[PDB]
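Trainee: Have a look at this one before I ask anything.
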Amino acid sequence: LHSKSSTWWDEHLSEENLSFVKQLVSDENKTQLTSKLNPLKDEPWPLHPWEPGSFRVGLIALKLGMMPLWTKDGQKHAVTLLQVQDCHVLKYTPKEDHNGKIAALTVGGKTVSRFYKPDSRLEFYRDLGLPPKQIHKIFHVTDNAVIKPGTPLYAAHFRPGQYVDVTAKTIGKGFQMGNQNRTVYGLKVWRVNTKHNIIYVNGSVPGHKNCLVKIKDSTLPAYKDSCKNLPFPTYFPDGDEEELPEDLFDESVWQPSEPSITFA
Amino acid sequence: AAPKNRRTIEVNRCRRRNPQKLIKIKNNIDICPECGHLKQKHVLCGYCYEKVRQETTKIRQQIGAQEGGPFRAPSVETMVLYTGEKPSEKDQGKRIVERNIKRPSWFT
Amino acid sequence: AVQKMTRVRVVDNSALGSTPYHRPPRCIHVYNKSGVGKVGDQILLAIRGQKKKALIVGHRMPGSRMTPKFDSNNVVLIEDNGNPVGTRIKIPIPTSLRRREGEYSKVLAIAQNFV
Amino acid sequence: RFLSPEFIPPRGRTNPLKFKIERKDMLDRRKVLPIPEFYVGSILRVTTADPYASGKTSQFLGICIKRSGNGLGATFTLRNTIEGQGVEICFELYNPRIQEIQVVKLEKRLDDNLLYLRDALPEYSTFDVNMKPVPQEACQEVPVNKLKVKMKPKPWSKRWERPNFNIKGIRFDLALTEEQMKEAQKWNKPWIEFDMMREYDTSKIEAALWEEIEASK
Amino acid sequence: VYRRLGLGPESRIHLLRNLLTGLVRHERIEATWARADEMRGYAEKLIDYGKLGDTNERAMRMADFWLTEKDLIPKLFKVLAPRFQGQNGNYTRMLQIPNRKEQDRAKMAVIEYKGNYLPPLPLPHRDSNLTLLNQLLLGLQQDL
Ligand SMILES: [Zn+2]
């Protein structure tokens, strides 16, 4: 019959060839990630100074879970764990071509498999030189803060003591609901784990555990200009001006292994 | 509660001939080389399975007669032997089922 | 804890509270924005056919961690002027009332037993 | 080999990396504050910093009745009767405000949870706050108290008579007739004792945790 | 995490109990796909109880309850358990069978006990490396 048939990547792959394919995919992912590790050594776009009214790009992170955190005051604060995975700038949109008010930058994280995706999605990522990402999200970024596509983004962009805004899809409940984007504002950051790129954020984050979320600087009037004392475009590990500690703590936070807090 | 008016055949025809209500074709149909009959990609062939399944009943019938009683399941391993095949030393201490038929080609 | 009804034990030497009565001392109103009354929350208790404000000092409702859960509901009577009706309190009284927002020094002074 | 309950992770979708990070902090804290080994039914005296008071610590003595929580957030509850008032306080093992932990009497009780002691007579729950620690044997199992407590009148917080609870430390015979037990046994659900879908095994995890904990030492 | 079968939870256990007993006696049983998957987990766990040892009192109680026919209990400890001592898992094999032509068109699957003496099932075979596509991949492997 001259008719369409259903096929999958593993349909005709032999056991010996299938094992080779798995190894090749891992090799390709490793090579692509290493190639993009150094943004500053890949013709970085011009760096502009900070001025009032600048907006930095946001990050996409995975919700690991929640646990209690203690401060030097002896108070216990429940905190949520967010992990930044394979965060990279993908597509830059000019201000005029996207929105006359401000330009936007596309960032994607949480790399995904290439086997069960359309060729169109793979083709776009092949040009970018990076493996496909689970989610594409758009961030409004000022011209001065524009970053070249393919620049790796790390949890060190945010710092302890900075309030941040997280928006995520709510858990779906079925017909009775949910699965709607919501944003939480005014969440302080307690600590950042550089080794695992884990940011500790006060309060709860909508969605289930292991759910991707969008993270951006707090837009509240009180924290109008916090990027002045933070990495203005972003934090670049490639420069390595000073290696950051593996775990970053806020001053009030009580680190473990410290002396027992006495309410003197 | 009854409709305020009879529904026209033309309106009825559109509802029943909507593509959503029509029967969908399947593209996952596959051929069985063993039996030469059709099959689905995720479904095993049945024409050959009939030989194996019905062959199992014949083996089971022989086993049932040999046991001869309920609740007589042996505590030792069992093996099936066909005509022209003789027990080996490895077959010692194992229930032996004898089949008049010659060793089937598919069965190994 | 103590709420609408919720017969409570009057831990006080007040005449009405001290004197035995056939009906238990229940509550009619909770002096809080919420309807729930807990330790340190003023309530409108009833004693000997009279309505007397009482201060909750213990409750059987599950509490926060690191705190002792009382097995009985205990209250202390307070006069209209704010001075306690009774001059002494017998049951141990938590010391958190001092830090709790409100006027609790008078009751704490009258509470010899502190846990 | 005594592996403390908090180290054992529970079944779920929580990331294993969280436990690895949590364990490291727990081990680091254990160096600052030593967590003695204890089981439900043991009488403990724990020193904790008082927030309401200024520069004053307090020690509370009570029989351990329940252990809950995992990781850094694990907590333990000890019960006692003070001034004729039954009081139960939940203490978090790794809270910075716990100055010291002393196991006055290390022992185990018939049941892993002692919530029924509230329904038992007050004397079984009464313990002297100032009682001095008793000697313990290191190369031995913790003493197991097999005394069966006597219950108060039938109205209880929970139906301990039901087979599901399976309380082995209650003198049901004194307060309950054999016919009443049969009525309670109507909820036996015998398949539950034989159902493997409700079984969660942490033995392999417990064994693996032991070497990791010892390695950190 | 549990399918609803039978007229009640106890019936499911009894239905699961009957299915488990039938599988042990014959080592290959055909049933609805949903039911077969439900019973697969119990079968694997039982083999672990068999590996534990005959002298284990809990295993004896579990074996007696689950296996109505007592002649199977020696078989489990002397046939099933010894056979899989080397293996660490995957004791049961479940495969899809064409749906029943009983006017309900229920999904049919076959569950069998591995290592059995029964005739081998017609299992699927992956494509041979001699195929043009596989040969090209082999060339890439050789070059690397
Ligand atoms: Zn065939």
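Trainee: Go through region D:130-141 residue by residue and turn each phi into a ³J(HN,Hα) via Karplus (6.51, -1.76, 1.60, θ = phi - 60°); whole Hz please, and just put x for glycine and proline.
Mentor: In residue order, the calculated couplings are 8, 4, 7, x, 9, x, 10, 9, 5, 8, 8, 7 Hz.
Trainee: Would chain B count as rounded, prolate or oblate if I go by the C-alpha gyration tensor, calling it rounded below 1.5 in a/c and otherwise prolate when a/b exceeds b/c, oblate otherwise? Walk me through the numbers before you get to the answer.
Mentor: Numbers: a/c = 5.30, a/b = 2.75, b/c = 1.93.
Since a/c reaches 1.5 and a/b is larger than b/c, the shape of chain B is classed as prolate.
Trainee: Can you list the HN-Hα couplings for region B:100-106, worked out from phi with the Karplus curve (6.51, -1.76, 1.60; θ = phi - 60°), rounded to whole Hz and with x for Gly and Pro?
Mentor: Using θ = phi - 60°, the values come out as 5, 5, 6, 3, x, 4, 5 Hz.
Trainee: How many angstrom lie between the Cα centre of region B:54-92 and the Cα centre of region A:32-109?
Mentor: What the calculation gives is 69 Å, centre to centre.
Trainee: How many angstrom lie between the C-alpha centres of region E:44-86 and region C:42-115?
Mentor: For region E:44-86 versus region C:42-115, the Cα centre distance is 64 Å.
Trainee: Long-range amide H contacts for A:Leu90: which residues qualify at under 5 Å (H placed 1.01 Å from N, peptide plane, sequence gap of 5 or more or a different chain)?
Mentor: Correct list: A:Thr106, A:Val107, A:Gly108, A:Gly150.
Trainee: Tell me the label-point distance for the pair A:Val112, B:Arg6, using the 7 Å Cα-to-Cβ offset, in nm and rounded to one decimal.
Mentor: Roughly 5.4 nm, to one decimal.
Trainee: Right, next: Tell me the chymotrypsin sites (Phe, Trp or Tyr not before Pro) within region D:138-217 that lie in a loop according to DSSP and have at most 10 other beta-carbon atoms within 10 Å. Walk me through the numbers on the way to the answer.
Mentor: Working: sites: D:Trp156, D:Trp160, D:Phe165, D:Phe172, D:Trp187, D:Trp191, D:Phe194, D:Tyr200, D:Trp210; in loops: D:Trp156, D:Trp160, D:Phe165, D:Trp187, D:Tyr200.
Passing both the DSSP loop test and the Cβ count: D:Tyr200.
Trainee: How many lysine pairs in region B:44-108, separated by 8 or more positions in sequence or lying on different chains, have Cα atoms less than 21 Å apart? All intermediate terms of the calculation are to be shown ahead of the outcome.
Mentor: Working: B:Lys51/B:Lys102; B:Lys58/B:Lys86; B:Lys58/B:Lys94; B:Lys58/B:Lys102; B:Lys86/B:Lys94; B:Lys86/B:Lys102; B:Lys90/B:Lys102; B:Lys94/B:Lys102.
So the count works out to 8.
Trainee: Here's another thing I want to ask about it. Taking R0 as 22 Å, what's the FRET efficiency between C:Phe114 and D:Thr47 from their Cβ-Cβ distance, rounded to 0.05?
Mentor: For C:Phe114 and D:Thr47, the calculated efficiency is 0.75.
Trainee: Roughly what % antiparallel, to the nearest 5, for the DSSP beta bridges in chain B?
Mentor: Working: 3 of 9 bridges.
The answer is about 35 percent antiparallel.
Trainee: Right, another one. Using θ = phi - 60° and the Karplus curve 6.51 cos²θ - 1.76 cosθ + 1.60, what whole-Hz ³J(HN,Hα) does each residue of region D:88-93 get, with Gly and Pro shown as x?
Mentor: Rounded to whole hertz, the list is 10, 10, 9, 10, 7, 4.
Trainee: Name the chymotrypsin sites (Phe, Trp or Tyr not before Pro) in region D:1-39 that are in a loop by DSSP and that have at most 15 other C-beta atoms within 10 Å, would you?
Mentor: Hits after loop and neighbour filter: D:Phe2.
Trainee: If you count the DSSP beta bridges with both ends in the protein assembly as shown, what percent of them are antiparallel, to the nearest 5? Kindly include the intermediate steps, with their values, before the conclusion.
Mentor: Numbers: 107 of 121 bridges.
That works out to approximately 90 percent antiparallel.
Trainee: How many percent of all Cα-Cα pairs in the protein assembly as shown sit more than 36 Å apart?
Mentor: On the way: 245401 of 359128 pairs.
Tail of P(r) above 36 Å: 68 percent of Cα pairs.
Trainee: Shape of chain C from its Cα gyration tensor (a ≥ b ≥ c, root eigenvalues): rounded if a/c is under 1.5, otherwise prolate when a/b > b/c, or oblate?
Mentor: Rounded is the answer for chain C, as its axis ratio a/c remains below 1.5.
Trainee: Restrict the search to region B:1-35; then list the trypsin sites (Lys or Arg not before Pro) that DSSP places in a loop and that have at most 15 other Cβ atoms within 10 Å of their Cβ.
Mentor: Details: sites: B:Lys4, B:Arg6, B:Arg7, B:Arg13, B:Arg15, B:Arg16, B:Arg17, B:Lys21, B:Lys24, B:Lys26; in loops: B:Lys4, B:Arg6, B:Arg7, B:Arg17, B:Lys24, B:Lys26.
Hits after loop and neighbour filter: B:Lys4, B:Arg6, B:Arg7, B:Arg17, B:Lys24, B:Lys26.
Trainee: Determine which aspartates and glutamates satisfy two conditions relative to A:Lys214: a Cα distance under 14 Å, and not lying fewer than 8 residues away in the same chain.
Mentor: Within the straight-line cut-off, A:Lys214 pairs with A:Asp86, A:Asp165.
Trainee: How big is the equivalent ellipsoid of region A:52-108 along its three axes, where each semi-axis is √(5λ) from the Cα gyration tensor, reported in whole Å from largest to smallest?
Mentor: Numbers: eigenvalues 246, 51, 11 Å².
After diagonalising the Cα gyration tensor, the semi-axes are 35, 16, 7 Å.
Trainee: Here's something else I'd like to know. Quickly estimate the mean residue ellipticity at 222 nm for the protein assembly as shown, helices only: each DSSP H run with n ≥ 4 gives -39500 (n - 2.57), and the total goes over all residues, rounded to 500. Write out the running numbers ahead of the final one.
Mentor: Details: 18 runs with 190 residues, N = 848.
For the protein assembly as shown, the value works out to -6500 deg cm²/dmol.
Trainee: So how tilted is helix E:9-26 from the main axis of chain E? Cα-based, degrees 0 to 90, rounded to 10.
Mentor: In chain E, helix E:9-26 runs at an angle near 70 degrees to the longest axis.
Trainee: Could you pull out every one of the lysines with an alpha carbon less than 19 Å from that of D:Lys20, ignoring same-chain neighbours closer than 8 positions?
Mentor: Within the straight-line cut-off, D:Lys20 pairs with A:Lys63, A:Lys195, A:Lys209, D:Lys31, D:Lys204, D:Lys217.
A quick note on method: Cβ atoms are made from the backbone with ideal geometry, for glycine too, and the neighbour counts reach across all protein chains shown. Throughout, read-outs are computed from the coordinates displayed, never taken from laboratory work.
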